[PDB]
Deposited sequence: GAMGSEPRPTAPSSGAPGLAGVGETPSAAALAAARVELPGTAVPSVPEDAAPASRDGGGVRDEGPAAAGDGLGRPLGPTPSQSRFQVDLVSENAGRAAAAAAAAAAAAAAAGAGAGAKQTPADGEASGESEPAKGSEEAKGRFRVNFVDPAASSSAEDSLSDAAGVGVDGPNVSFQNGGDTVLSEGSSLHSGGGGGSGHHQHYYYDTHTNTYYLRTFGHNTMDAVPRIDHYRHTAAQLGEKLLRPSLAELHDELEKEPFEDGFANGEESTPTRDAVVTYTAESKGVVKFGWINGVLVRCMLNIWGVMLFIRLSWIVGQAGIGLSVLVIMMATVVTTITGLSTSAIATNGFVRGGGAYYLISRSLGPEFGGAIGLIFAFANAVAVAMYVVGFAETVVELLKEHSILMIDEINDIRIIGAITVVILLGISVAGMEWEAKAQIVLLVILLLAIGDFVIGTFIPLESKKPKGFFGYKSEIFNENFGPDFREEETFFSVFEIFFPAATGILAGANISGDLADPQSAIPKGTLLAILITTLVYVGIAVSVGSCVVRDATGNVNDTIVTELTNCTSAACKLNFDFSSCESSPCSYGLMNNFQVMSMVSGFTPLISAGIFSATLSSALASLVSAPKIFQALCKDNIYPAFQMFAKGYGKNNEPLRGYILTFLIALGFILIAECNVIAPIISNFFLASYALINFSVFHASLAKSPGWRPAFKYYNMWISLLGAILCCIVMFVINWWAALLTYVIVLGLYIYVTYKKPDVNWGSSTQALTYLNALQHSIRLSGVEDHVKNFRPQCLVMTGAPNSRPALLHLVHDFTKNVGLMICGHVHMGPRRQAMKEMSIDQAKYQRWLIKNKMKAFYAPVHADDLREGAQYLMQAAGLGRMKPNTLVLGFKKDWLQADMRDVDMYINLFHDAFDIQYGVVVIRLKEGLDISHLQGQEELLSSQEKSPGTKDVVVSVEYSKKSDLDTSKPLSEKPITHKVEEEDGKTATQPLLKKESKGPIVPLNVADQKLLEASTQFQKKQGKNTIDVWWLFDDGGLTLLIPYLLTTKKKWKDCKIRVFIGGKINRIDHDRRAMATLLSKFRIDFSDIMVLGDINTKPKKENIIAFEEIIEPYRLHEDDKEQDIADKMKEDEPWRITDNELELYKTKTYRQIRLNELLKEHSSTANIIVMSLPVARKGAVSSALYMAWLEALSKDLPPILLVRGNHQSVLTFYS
């Protein structure tokens, strides 16, 4: 409260409201200003990741992959898939150990890492991918059970339909077991893991246990010549190495099935890393070991038959089959019985109890399917909670004591059932495999992008993640999805890009500190730094304007006109000076900053809103002109709206306005004054005095823009009579060397001539309330009144400023007579000597010159060399 307090965790909690009644930080103004189920890492992320990786391939098609591709090359396949998977694991660990991750899985990580765009895109893709991987795992189980009940005669319908029936029944059962909370299905996956490990152990023991009954088959029991033969990549008619990797890689996916449970984990940012990485390690070790064992234990082909005798007749027999026995030897002529390349149930028979390995297949398939079916709706409901796609505002309610996406479970069940009864899993497989690849690629790109933008808030807790390995992982994921069904990769990239576009044009109104935001800041900073090293030059001058807008709403069309000759060229800083007590005005600026900056961005005003606190408008603008900008983006021109209200405004205010003029001149700023009717085809430019070229550059830049592109830029000047043609030719060659594509140059000799009586008497009537009438009251009352500036010095300030006023009024008359048909007028701003002219008289000059006309820009330049005709 009154005294500063020691730091506590309570200060930084709930980020909007988290126990705010206790441990609330004291504000700087207060000190200064004077007066329900959660899973551990073992059973929540280790078991689930391990149990999701282990699927159909481990027990069915692995003997095939090690049989065709050689042992030394099948291990290469496994190692490449594991490099991709492990690099993605490090990336996921880096993302997960950054903050506290609320709910969902890969979606939440990627979204909160680098923006709702990639977040929503890849989250939707991953939710679909897991929802259908449910169907893939369950139909693998269907193939297993139908093979078992076709080898054992009893069957009900044709295989292509019995698979559908059994898959539908068991996916219904999977929904039932999953929809009943997560303690129950957690224990269910525990018992499935026990069964799976029993199957692995049975295979290992049986592989160490050879027998003569299986001798006719490829089973021989660790014979060295079998290993020597199987090292080679003995392929088949069609399957190439890339196709082999394509077959295997689905077995590599399934990691971060615990990360998808991040919403229900007891302690993320400590369970995700050492659960996912350790699960990948264990599963890869098991794959490699079992592959080398089965390759070293069984042979390619075996004419399994007792009639195949081990008598071993003395023949050449170059094949190493007869090296063990004449049985299962020399069957290459016709398609012999079975073997690694000719059978799949090798895994079953090399082991001991065939049931204890069959149960391995069922447990692996069910466990992987159940893990995917739990993971998909968590991701989906996290995605729907953020309402990136408002169409799915449902699927996020999550009925139950622990938020469980019942609707998400039903939706993923329907999707899985639909893809089961489609029964075309073979053709859909590459699409979904490289959806998984796309998700992994965006995770590694998540880490790389986060490390690329410095972002002091990046700072993850988990080391071992360096940026280049993550970039390599993204590249490898892209290359692998090219390897797997190139056109599927193109389709996946199209889907990603389409969702990206959809989200970036939706622009969900949400902010969670993307790495994209950090990169934006860092990029803008780096280019400002490189600009700071770029020396100035005439033909790279830009009108970079501080515009005393006030509130940017107050003068809209003025803002548009300035934006016209500053869009995509030069700077535009909309300055607004705030007033009054410091404490209240801090909050005033804080809200106006957001409001007006968003208003500019919404209205495509590439401008910069700069609020300052100051005692009055003059020294607030002094603040702005002195300090606004960054590097060589500091303003060089001050833009004002003509203070139309001076006849009614307090004369101190208009004096402040004129001293603003004078300050801008004093600190080497060009001044532009815009007088237009704000209630809401030639550009006429009367640039009678060489301001330095700015009075040319403004209309030319206006002609550059599309709005004024179809409008001539005819020019007027003043010159002595009898030299009219000479002056016009010199003017034409002068600005033809400036490449200002004029349309008609007019030369006026009527300047410096006494204007009509009506106009002079009108100006005298206007100035009468402020000319101080310095006739009587010689010095005492005269000096007493002059103790405040804003009166015109009758005698003193109308001696030569008499002809100054005459030129002003006559110029106004000339703009009436000649340029009244212009779409826009740009004319030299009159300059009065500092202190020599009463501010009232100078404002009267501006009124007299600028009144009753189309839009006017009274441009006076820095008197530098703004334009050039060199190169």
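| field | Regions left out of the model, expressed as runs of the deposited sequence counted from 1 | value | Missing C-alpha atoms (numbering from 1) occur across the ranges 1-219, 255-285, 931-1025.
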